[PDB]
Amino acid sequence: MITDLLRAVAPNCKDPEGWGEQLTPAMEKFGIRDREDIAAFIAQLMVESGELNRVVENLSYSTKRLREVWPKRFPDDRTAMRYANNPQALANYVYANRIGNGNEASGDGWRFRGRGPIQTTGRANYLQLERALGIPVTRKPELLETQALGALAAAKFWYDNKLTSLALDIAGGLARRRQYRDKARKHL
């Protein structure tokens, strides 16, 4: 049971029974069935969502952190200062003209910021999420903050990554992710 797995890996994770009910059919439908497969998925889910407490991207950055995370977009402090402690301006600038988004003026960067326990980001990915799930998340992107579509989108995002991984074989912090995984892998 995913619910009792979410507890063994993160006894302090938020609402493991509500997420457990939603994650289980999303995992089963997207083929997240194998032993290690489930453990890694859950681990990635646990670190990206802050043990199920975060379903929207963190966009509060120091004037220093920005220069690191995005060194091209933020070359000097005169630049990185205007966008530090301004989550909307930050998203609109750093995500501008990327992953399907319009320019800074369009507001796409903030509109399509990361959402879900494992995050979907950018107009093109919401559009693709919309096509695959049949839910108008392009117009209503905050529907990925729900348990039901966050789980389905989290699971579809992991499924997409296995497709890529599989598709290449045919054509032949990070310690946090490790804790969960082995703590999860300990379960069978």
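Numbering starts at 1 and follows the sequence shown.
Participant: Neighbours in the displayed sequence, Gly172 and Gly173 may still hide a gap; how many deposited residues lack coordinates there, none, 1 to 3, 4 to 9, or 10 or more?
Facilitator: 10 or more residues lack coordinates between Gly172 and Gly173.
Participant: Per the entry, where is the mean C-alpha temperature factor higher: 35 to 43 or 142 to 150?
Facilitator: Result: 35 to 43.
Participant: For the C-alpha atoms alone, is the average B factor greater in 81 to 89 or in 68 to 76, going by the entry?
Facilitator: Comparing averages over the C-alpha atoms only gives 68 to 76.
Participant: Against its chain's modelled residues, does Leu166's Cα B factor rank lowest, middle or highest third?
Facilitator: Within its chain, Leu166 is a middle-third residue by C-alpha B-factor, going by the deposited values.
Participant: Would you check the entry's CA temperature factor for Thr121 and let me know if it's in the chain's lowest, middle or highest third?
Facilitator: Its C-alpha B-factor, which the entry lists for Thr121, ranks in the lowest third among residues of this chain.
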